[PDB]
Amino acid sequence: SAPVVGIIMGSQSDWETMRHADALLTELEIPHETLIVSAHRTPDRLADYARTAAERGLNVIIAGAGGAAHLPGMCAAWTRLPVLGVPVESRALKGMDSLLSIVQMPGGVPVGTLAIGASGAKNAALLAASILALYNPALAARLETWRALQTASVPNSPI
């Protein structure tokens, strides 16, 4: 029941994208919390969140942000937990700024980065699931089923 995955985003505007991560986790029945934490507007909230993540039982953190996206990186700076970053598509630069701002982390503080947009949010949840599956037999079976269904469901020819 207690969340093992924390999904955080810089603002309501990121929800359209991050909701895909939320749906995936719920789908696979992975207890998680979905919150808004702004690196730029609520820096202390971020520090406290990341710093106490481990103590609270969280195992993985999924963070999404766009533009000069610092949320994932700074979160990773305050936690020993794996941090997965989702580059939210920005209006002007289409998430290229979001991508470089998140993926180009200097050695020492990692952020496992996913694709720009919805695909990245969904994949961050799947990656978080594959991580949790390493020590959760039941979830591992559900993930196997999920991947198996994805594969089996692909049509043989276009409509």
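Don't overthink the numbering: it's just position in the shown sequence, from 1.
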property	result
Of 97-105 and 48-56, the stretch whose C-alpha atoms average the higher B-factor in the entry	48-56
Top residue by Cα temperature factor, when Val111, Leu35, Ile116, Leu127 are compared in the entry	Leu35
Position of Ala92 among the chain's modelled residues by C-alpha B-factor, lowest, middle or highest third	highest
Ranked against its chain, the third holding the CA B-factor of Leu132	middle
Chain-relative CA temperature factor third for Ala152	middle
Within-chain third of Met9 by Cα B-factor, per the entry	middle
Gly66 - which third its CA temperature factor falls in, relative to the rest of the chain	middle
